[PDB]
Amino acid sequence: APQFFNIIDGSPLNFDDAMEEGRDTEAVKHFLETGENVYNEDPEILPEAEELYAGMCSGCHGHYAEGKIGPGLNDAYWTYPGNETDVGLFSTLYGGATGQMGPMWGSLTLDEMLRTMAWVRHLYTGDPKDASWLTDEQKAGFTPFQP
């Protein structure tokens, strides 16, 4: 598929609404050209990522994205299949889903979105097999999340 479309529908995501305040980075450039998010498992990133998650997401998805008002984000079943990938997970956050899960470009810079994705990806409790978003070395040091 070519890259970025709204997951329920308005199809092409529109990047002219994003804040310029953070679309500059090597992470955002790399991901926009390749669909690969370099923050996954980045020990550097992960403490900001966890706070981005708690401020914006734990209300509905719970503390460890195990689910509360809205669904769990911590295993291999994704209501929208695309979310097995960072392109799709990104498309869910930029674009929005339905309900109270709206578009997130008006509160988060593009590079903050990829940092939050990496915390979602860190909260996964399945095993590195369906951890398709991880490279081999990232899989090799990945541990199923334990609260």
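Numbering starts at 1 and runs along the sequence shown.
Annotation for 17 to 25 versus 128 to 136: the higher mean temperature factor (C-alpha) is found in 128 to 136. Per the PDB record, of the two stretches 48 to 56 and 101 to 109, 48 to 56 carries the greater mean B-factor over its C-alpha atoms. Remark: of 69, 114, 32, 93, 32 shows the highest value [criterion: C-alpha B-factor in the PDB entry].
The entry lists a Cα temperature factor for residue 82 that places it in the middle third of the chain's modelled residues.
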